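Novice: Please find run_4.cif (mmCIF, C-alpha atoms) on the next line:
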data_coords
#
loop_
_atom_site.label_atom_id
_atom_site.label_comp_id
_atom_site.auth_asym_id
_atom_site.auth_seq_id
_atom_site.Cartn_x
_atom_site.Cartn_y
_atom_site.Cartn_z
CA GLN R 3 38.76 53.35 73.94
CA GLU R 4 35.58 54.28 75.91
CA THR R 5 32.87 56.10 74.16
CA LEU R 6 29.92 57.80 75.79
CA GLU R 7 26.21 57.18 75.15
CA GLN R 8 24.51 60.20 73.51
CA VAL R 9 20.69 60.14 73.37
CA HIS R 10 18.56 62.08 70.87
CA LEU R 11 15.67 63.68 72.81
CA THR R 12 14.00 65.11 69.71
CA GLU R 13 13.36 63.67 66.24
CA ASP R 14 15.35 66.41 64.46
CA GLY R 15 18.67 65.69 66.26
CA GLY R 16 18.49 69.22 67.71
CA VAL R 17 18.80 68.03 71.35
CA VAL R 18 21.50 65.38 71.85
CA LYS R 19 22.40 64.50 75.43
CA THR R 20 25.73 62.90 76.28
CA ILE R 21 25.64 61.64 79.87
CA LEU R 22 28.99 62.28 81.58
CA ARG R 23 27.72 61.07 84.97
CA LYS R 24 24.62 58.92 85.44
CA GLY R 25 22.19 60.03 88.16
CA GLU R 26 20.22 57.93 90.62
CA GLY R 27 18.04 55.12 89.27
CA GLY R 28 14.80 55.42 91.24
CA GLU R 29 11.43 56.87 90.21
CA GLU R 30 11.70 59.07 93.34
CA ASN R 31 14.81 60.48 91.72
CA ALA R 32 13.00 61.62 88.55
CA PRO R 33 11.74 65.23 88.37
CA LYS R 34 8.17 65.99 87.27
CA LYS R 35 6.65 68.94 85.37
CA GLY R 36 6.34 71.94 87.69
CA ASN R 37 8.91 70.66 90.16
CA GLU R 38 11.44 73.22 91.21
CA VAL R 39 14.79 71.89 89.99
CA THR R 40 18.18 73.03 91.28
CA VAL R 41 20.96 72.78 88.70
CA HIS R 42 24.50 73.86 88.03
CA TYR R 43 25.42 74.56 84.40
CA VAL R 44 28.06 75.87 82.02
CA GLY R 45 27.03 77.19 78.62
CA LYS R 46 29.49 77.44 75.78
CA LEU R 47 29.09 77.87 72.02
CA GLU R 48 29.92 74.75 70.04
CA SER R 49 32.04 76.51 67.42
CA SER R 50 34.25 78.76 69.58
CA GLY R 51 34.02 76.69 72.77
CA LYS R 52 33.59 79.99 74.60
CA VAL R 53 31.66 80.09 77.87
CA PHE R 54 28.80 82.60 77.64
CA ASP R 55 27.08 81.60 80.89
CA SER R 56 27.95 79.56 83.99
CA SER R 57 26.23 79.14 87.34
CA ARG R 58 29.56 77.69 88.49
CA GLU R 59 31.41 80.99 87.80
CA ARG R 60 28.71 82.59 89.92
CA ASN R 61 29.05 79.88 92.58
CA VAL R 62 25.27 79.91 92.90
CA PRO R 63 22.90 77.12 91.80
CA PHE R 64 20.15 77.97 89.31
CA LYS R 65 16.53 77.16 90.24
CA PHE R 66 13.55 76.88 87.89
CA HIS R 67 10.27 75.08 87.36
CA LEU R 68 10.56 72.17 84.96
CA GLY R 69 8.37 72.06 81.86
CA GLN R 70 6.95 75.59 82.05
CA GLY R 71 8.91 77.70 79.52
CA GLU R 72 11.00 79.31 82.27
CA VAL R 73 14.07 78.24 80.27
CA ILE R 74 14.98 77.79 76.61
CA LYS R 75 13.26 74.77 74.98
CA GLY R 76 16.33 72.50 75.05
CA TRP R 77 16.65 72.78 78.81
CA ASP R 78 13.03 71.76 79.45
CA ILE R 79 13.50 68.74 77.17
CA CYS R 80 16.94 67.87 78.59
CA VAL R 81 16.20 68.28 82.33
CA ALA R 82 12.95 66.31 81.88
CA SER R 83 15.16 63.37 80.86
CA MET R 84 17.53 63.60 83.81
CA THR R 85 17.59 62.02 87.28
CA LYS R 86 19.04 63.26 90.60
CA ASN R 87 22.84 63.92 90.40
CA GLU R 88 23.01 63.22 86.67
CA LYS R 89 25.67 65.33 84.96
CA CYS R 90 25.44 65.83 81.16
CA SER R 91 26.54 67.60 78.02
CA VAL R 92 23.56 68.60 75.89
CA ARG R 93 24.10 69.83 72.33
CA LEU R 94 21.40 72.31 71.31
CA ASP R 95 20.57 73.34 67.83
CA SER R 96 19.56 76.97 67.08
CA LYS R 97 15.79 76.38 67.41
CA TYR R 98 16.17 74.82 70.86
CA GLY R 99 18.19 77.84 72.02
CA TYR R 100 17.98 81.52 71.02
CA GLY R 101 17.07 80.92 67.36
CA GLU R 102 17.78 83.16 64.38
CA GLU R 103 18.44 86.24 66.55
CA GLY R 104 20.70 84.69 69.18
CA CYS R 105 21.24 86.77 72.30
CA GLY R 106 23.51 89.77 72.84
CA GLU R 107 27.16 89.79 71.81
CA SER R 108 27.79 86.39 73.37
CA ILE R 109 25.30 84.35 71.33
CA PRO R 110 25.06 84.99 67.57
CA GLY R 111 22.09 84.09 65.40
CA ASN R 112 21.90 80.36 64.63
CA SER R 113 24.33 79.27 67.36
CA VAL R 114 24.70 75.68 68.41
CA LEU R 115 24.88 75.77 72.20
CA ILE R 116 26.48 73.16 74.41
CA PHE R 117 25.46 73.02 78.05
CA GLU R 118 26.94 70.89 80.77
CA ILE R 119 24.07 70.40 83.22
CA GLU R 120 24.26 68.77 86.66
CA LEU R 121 20.90 68.16 88.33
CA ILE R 122 21.71 68.76 92.00
CA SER R 123 18.25 68.38 93.57
CA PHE R 124 14.54 69.03 93.04
CA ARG R 125 11.31 69.36 95.04
CA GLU R 126 7.60 70.02 94.66
CA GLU N 4 7.36 65.00 74.61
CA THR N 5 9.32 62.85 72.09
CA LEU N 6 11.30 59.62 72.40
CA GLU N 7 15.09 59.10 72.86
CA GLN N 8 16.71 57.25 69.93
CA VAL N 9 20.39 56.23 70.19
CA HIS N 10 22.84 55.57 67.34
CA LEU N 11 24.65 52.28 68.14
CA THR N 12 26.96 52.55 65.14
CA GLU N 13 28.87 55.50 63.61
CA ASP N 14 27.22 55.10 60.20
CA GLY N 15 23.62 55.65 61.39
CA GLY N 16 22.72 52.10 60.34
CA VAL N 17 21.53 51.01 63.82
CA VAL N 18 19.27 53.56 65.55
CA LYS N 19 17.40 52.35 68.60
CA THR N 20 14.26 54.08 69.81
CA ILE N 21 13.54 52.90 73.38
CA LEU N 22 9.77 52.58 73.71
CA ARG N 23 9.93 51.08 77.22
CA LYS N 24 12.98 51.35 79.44
CA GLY N 25 14.34 48.19 81.05
CA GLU N 26 15.72 47.59 84.55
CA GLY N 27 18.67 49.78 85.57
CA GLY N 28 20.87 47.33 87.46
CA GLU N 29 24.06 45.68 86.24
CA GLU N 30 22.55 42.32 87.17
CA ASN N 31 19.96 43.20 84.49
CA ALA N 32 22.56 43.62 81.71
CA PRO N 33 23.22 40.70 79.32
CA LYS N 34 26.79 39.71 78.45
CA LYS N 35 28.32 38.07 75.37
CA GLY N 36 27.44 34.38 75.11
CA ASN N 37 24.43 34.71 77.40
CA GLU N 38 21.31 32.98 76.22
CA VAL N 39 18.78 35.79 75.68
CA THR N 40 14.99 35.31 75.51
CA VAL N 41 13.18 37.93 73.38
CA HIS N 42 9.92 38.84 71.68
CA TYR N 43 10.15 40.71 68.37
CA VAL N 44 8.19 42.04 65.42
CA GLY N 45 10.08 42.58 62.15
CA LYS N 46 8.59 44.87 59.49
CA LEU N 47 10.05 46.63 56.47
CA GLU N 48 10.43 50.38 56.85
CA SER N 49 9.01 51.27 53.42
CA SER N 50 5.98 48.97 53.25
CA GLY N 51 5.50 48.72 57.03
CA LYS N 52 4.78 45.04 56.37
CA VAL N 53 5.52 42.41 59.01
CA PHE N 54 7.81 39.70 57.62
CA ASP N 55 8.52 37.97 60.93
CA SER N 56 7.10 38.01 64.45
CA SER N 57 7.61 35.85 67.53
CA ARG N 58 4.34 37.30 68.80
CA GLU N 59 2.31 35.83 65.88
CA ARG N 60 3.91 32.53 66.89
CA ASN N 61 3.11 33.28 70.56
CA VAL N 62 6.50 31.88 71.53
CA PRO N 63 9.62 33.80 72.58
CA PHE N 64 12.86 33.49 70.55
CA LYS N 65 16.09 32.31 72.27
CA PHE N 66 19.64 32.93 71.01
CA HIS N 67 23.21 33.58 72.20
CA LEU N 68 24.26 37.17 72.28
CA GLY N 69 27.31 38.34 70.32
CA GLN N 70 28.02 35.17 68.32
CA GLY N 71 26.50 35.76 64.85
CA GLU N 72 23.42 33.63 65.57
CA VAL N 73 21.38 36.58 64.37
CA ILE N 74 21.87 39.38 61.83
CA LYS N 75 24.44 42.00 62.88
CA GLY N 76 21.89 44.66 63.89
CA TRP N 77 20.37 42.35 66.50
CA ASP N 78 23.63 41.43 68.21
CA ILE N 79 24.42 45.17 68.39
CA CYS N 80 20.89 46.10 69.51
CA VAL N 81 20.32 43.43 72.17
CA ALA N 82 23.83 44.06 73.55
CA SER N 83 22.65 47.60 74.37
CA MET N 84 19.50 46.41 76.16
CA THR N 85 18.58 45.57 79.77
CA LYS N 86 15.84 43.35 81.28
CA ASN N 87 12.29 44.17 80.07
CA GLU N 88 13.43 46.85 77.71
CA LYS N 89 11.17 47.17 74.69
CA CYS N 90 12.48 49.07 71.62
CA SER N 91 12.21 49.82 67.93
CA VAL N 92 15.50 49.43 66.10
CA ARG N 93 16.04 50.81 62.59
CA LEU N 94 18.51 48.69 60.64
CA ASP N 95 20.22 49.61 57.39
CA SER N 96 20.80 47.11 54.59
CA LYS N 97 24.31 46.10 55.75
CA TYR N 98 23.07 45.39 59.31
CA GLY N 99 20.42 42.98 58.03
CA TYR N 100 20.25 40.92 54.83
CA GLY N 101 22.29 43.25 52.64
CA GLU N 102 22.21 43.56 48.86
CA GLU N 103 20.45 40.22 48.37
CA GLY N 104 17.84 40.44 51.13
CA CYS N 105 16.07 37.20 52.05
CA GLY N 106 13.33 35.48 50.03
CA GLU N 107 10.21 37.27 48.80
CA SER N 108 9.65 38.90 52.20
CA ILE N 109 12.88 40.90 52.34
CA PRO N 110 14.13 42.59 49.14
CA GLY N 111 17.72 43.66 48.40
CA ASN N 112 18.74 46.82 50.26
CA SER N 113 15.81 46.71 52.70
CA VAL N 114 15.78 48.93 55.76
CA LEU N 115 14.39 46.73 58.52
CA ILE N 116 12.61 47.86 61.67
CA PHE N 117 12.27 45.55 64.63
CA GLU N 118 10.43 45.89 67.86
CA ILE N 119 12.54 43.97 70.32
CA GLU N 120 11.46 43.25 73.89
CA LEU N 121 14.15 41.62 76.04
CA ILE N 122 12.18 39.28 78.33
CA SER N 123 14.94 37.48 80.22
CA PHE N 124 18.45 36.04 79.89
CA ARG N 125 20.82 33.61 81.61
CA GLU N 126 24.53 32.80 81.90
CA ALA I 1 16.56 87.13 78.68
CA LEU I 2 13.37 85.30 77.62
CA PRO I 3 14.33 82.77 78.70
CA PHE I 4 17.66 81.46 80.05
#
Starting from the file, give its structure as structure tokens.

Specialist:
Amino acid sequence: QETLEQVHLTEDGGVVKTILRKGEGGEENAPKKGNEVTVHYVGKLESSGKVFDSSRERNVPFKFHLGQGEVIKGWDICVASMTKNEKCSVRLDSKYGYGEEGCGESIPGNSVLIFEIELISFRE
Amino acid sequence: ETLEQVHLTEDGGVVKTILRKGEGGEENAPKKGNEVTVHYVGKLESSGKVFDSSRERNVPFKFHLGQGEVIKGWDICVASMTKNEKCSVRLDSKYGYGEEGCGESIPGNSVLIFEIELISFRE
Amino acid sequence: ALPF
């Protein structure tokens, strides 16, 4: 009968993070703006449940700089809220993803995206 | 940057916005029956008017968690808190004083907002 | 693309 804590990271309910695995609890374990974060992720549409993107399929971690528009909005908001080794499932509304256009065949316009994101490490 | 609010019920009648995060240990988590010490400010959502505050009184409020000593919304809210967490909880009518309300200060069907800081607790 |  266990149910998981989902936290709204925006006021419009367009970024809702369900934590599947809690990270580490220290301040040292919290990533700052401009830090290079290393993540693994799986991206699937909410409706179809179809994987459009996975760093796990690739077997290569994804690296970016937090809080700098290197990734879709929802990622910058979601990763900013994570700590080292936190695993999560973030639900992203259209405007926190690829918007009215979507992206390629795999992401239609106005798609709700669900990403499972594990914060492996970070650094300056 | 925006704040993380969490729905503690399935009807959206208890939404907690954590203004200050507490302590992250299990030793810092209060259990049912524990005497909790808190500071709070209670204002109506619509009018924004303070009807009750332990801060005005300058004295913390003590009660036992999970035993109906306080309105439903509190027992649910404080149960989800940890030491030195501050928060702003939005409570629907049925999680406070309901269709009657309570005196002049709280009308029938009031949405209440509380700022609850969990100071300490004990077993 | 722009961005991921």

Novice: I'd like the contact shell of segment 22-37 of chain N - 10 Å cut-off, all atoms listed in the file, skipping same-chain residues fewer than 4 positions apart - returned as a PyMOL selection string.

Specialist: (chain R and resi 26-28) or (chain N and resi 6-8+66-70+78+81-91+118-126)

Novice: List the residues selected by the PyMOL selection byres ((chain R) within 10 of (chain N)) in the file shown, writing them as an MDAnalysis selection string.

Specialist: chainID R and resid 7:13 15 17:19 26:28 79 82:83

Novice: Could you dump the residues just selected with C-alpha atoms as a PDB file, keeping the file's coordinate frame?

Specialist:
ATOM      1  CA  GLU R   7      26.210  57.180  75.150  1.00  0.00           C
ATOM      2  CA  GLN R   8      24.510  60.200  73.510  1.00  0.00           C
ATOM      3  CA  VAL R   9      20.690  60.140  73.370  1.00  0.00           C
ATOM      4  CA  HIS R  10      18.560  62.080  70.870  1.00  0.00           C
ATOM      5  CA  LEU R  11      15.670  63.680  72.810  1.00  0.00           C
ATOM      6  CA  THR R  12      14.000  65.110  69.710  1.00  0.00           C
ATOM      7  CA  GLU R  13      13.360  63.670  66.240  1.00  0.00           C
ATOM      8  CA  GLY R  15      18.670  65.690  66.260  1.00  0.00           C
ATOM      9  CA  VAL R  17      18.800  68.030  71.350  1.00  0.00           C
ATOM     10  CA  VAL R  18      21.500  65.380  71.850  1.00  0.00           C
ATOM     11  CA  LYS R  19      22.400  64.500  75.430  1.00  0.00           C
ATOM     12  CA  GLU R  26      20.220  57.930  90.620  1.00  0.00           C
ATOM     13  CA  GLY R  27      18.040  55.120  89.270  1.00  0.00           C
ATOM     14  CA  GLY R  28      14.800  55.420  91.240  1.00  0.00           C
ATOM     15  CA  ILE R  79      13.500  68.740  77.170  1.00  0.00           C
ATOM     16  CA  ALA R  82      12.950  66.310  81.880  1.00  0.00           C
ATOM     17  CA  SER R  83      15.160  63.370  80.860  1.00  0.00           C
TER      18      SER R  83
END

Novice: Fewer than 2 positions away in the same chain doesn't count, so skip those; otherwise give me all residues within 12 Å of residue 4 of chain I, counting only C-alpha atoms, as a ChimeraX atom specification.

Specialist: /R:43-45,54-57,64-66,71-78,98-100,104-105,109,117 /I:1-2

Novice: How many Å separate atom CA of residue 96 of chain R from atom CA of residue 111 of chain R?

Specialist: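 Computing the Euclidean distance for atom CA of residue 96 of chain R and atom CA of residue 111 of chain R yields 7.7 Å.
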
Novice: Quick check, in Å to one decimal: how far apart do atom CA of residue 111 of chain N and atom CA of residue 44 of chain N lie?

Specialist: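 Pair atom CA of residue 111 of chain N / atom CA of residue 44 of chain N returns 19.6 Å.
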
Novice: Could chain I be completed with N, CA and C atoms and returned as a short mmCIF file (atom, residue, chain, number, x, y, z; two decimals), in the frame of the given file?

Specialist:
data_model
loop_
_atom_site.label_atom_id
_atom_site.label_comp_id
_atom_site.auth_asym_id
_atom_site.auth_seq_id
_atom_site.Cartn_x
_atom_site.Cartn_y
_atom_site.Cartn_z
N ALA I 1 17.95 86.62 78.47
CA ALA I 1 16.56 87.13 78.68
C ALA I 1 15.55 86.53 77.71
N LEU I 2 14.45 86.05 78.30
CA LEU I 2 13.37 85.30 77.62
C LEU I 2 13.78 84.14 76.70
N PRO I 3 14.00 82.95 77.29
CA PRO I 3 14.33 82.77 78.70
C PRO I 3 15.80 82.40 78.78
N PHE I 4 16.25 81.83 79.90
CA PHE I 4 17.66 81.46 80.05
C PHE I 4 17.92 79.95 80.07
#
